[PDB]
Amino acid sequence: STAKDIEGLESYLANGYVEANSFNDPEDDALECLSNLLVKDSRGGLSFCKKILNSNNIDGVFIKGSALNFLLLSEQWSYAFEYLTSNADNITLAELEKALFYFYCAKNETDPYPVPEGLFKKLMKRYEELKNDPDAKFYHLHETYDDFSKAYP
């Protein structure tokens, strides 16, 4: 039963809510619909990760980090590597912290994926820009950046 999850997502991108009579933060309803879809149907679940990662008309920032994180941990990790290379100047707080965290964990992998050139400088450029956003602490950005740099000096 996934078309339900897809129609909850379609409504979030359209009106910013999953269903009208839900009293939740609609970003939380959408995160559930997105993660429910990703587990039941990856091919369609990763599609909405992209439909979130490019949409310039979504309320929440957290959910973009969710989408990016889901692609990084999937067989389409390369779509996420190339998204971070080109959009590093525009990526939100949530995406930058999910990027810095993925590569901190990737420092422990036997077989790390090939990292595109300058990506670490583009991320570290973006951190120095977003370091002083008061919302940084809700993503634990300064802590995630500390592990990322101490992993890759």
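Heads up: residue numbers just count along the shown sequence, starting at 1.
On average the C-alpha atoms of 14-22 have higher B-factors than those of the other stretch, with 14-22 and 136-144 being the two compared. Mean CA temperature factor is higher for 50-58 when stretches 31-39 and 50-58 are set side by side in the entry. When the Cα B-factors of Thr92, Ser66, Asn108, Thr85 are read from the PDB record, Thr85 comes out highest. In the PDB entry, a CA B factor belonging to the highest third of its chain's modelled residues is recorded for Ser78. Per the PDB record, residue ranking by Cα B-factor puts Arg126 in the middle third of the chain.
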